[PDB]
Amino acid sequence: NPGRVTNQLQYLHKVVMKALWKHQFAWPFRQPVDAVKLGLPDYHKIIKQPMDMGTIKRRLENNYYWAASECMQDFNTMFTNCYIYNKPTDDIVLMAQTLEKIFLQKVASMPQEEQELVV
């Protein structure tokens, strides 16, 4: 019993996740950072909690979260990892920023009170 179905979590899956997934800047974030593929032997030394959209999607779809706040924290971790690891002038930082602005816009219109759904 890791989590529940709530109104806010279904909103995050349908409105937030689907929208970010399809975005033209989403491709670097759809799978975990592969440090071997990218030749970044220090990545896991700097970033201790990797996160990506694929993992968040799996967690949503397998009812992993108990509350929407937990899912929002995973999105935040994905973005913050990017800002912390990469150089300020790297394009990936601008791509993360673009996606995160959309995330915040959609979160501002999330259903206000979280209620467990009968399923």
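Here, rigid core means the biggest group of C-alpha atoms that superpose within 1.5 Å across both forms. All residue numbers are counted from 1 along the displayed sequence.
After superposing on the rigid core, the larger RMS C-alpha deviation in 7 other deposited structures of this protein belongs to 105-113, the other candidate being whichever of 105-113 and 17-25 remains. Averaged over CA atoms, B-factors in the entry run higher in 58-66 than in the other of 87-95 and 58-66. Averaged over their C-alpha atoms, the temperature factors of 32-40 and 78-86 are higher for 32-40. The entry lists a Cα temperature factor for residue 102 that places it in the lowest third of the chain's modelled residues.
In the deposited entry, the Cα temperature factor of residue 24 places it in the lowest third of its chain's modelled residues.
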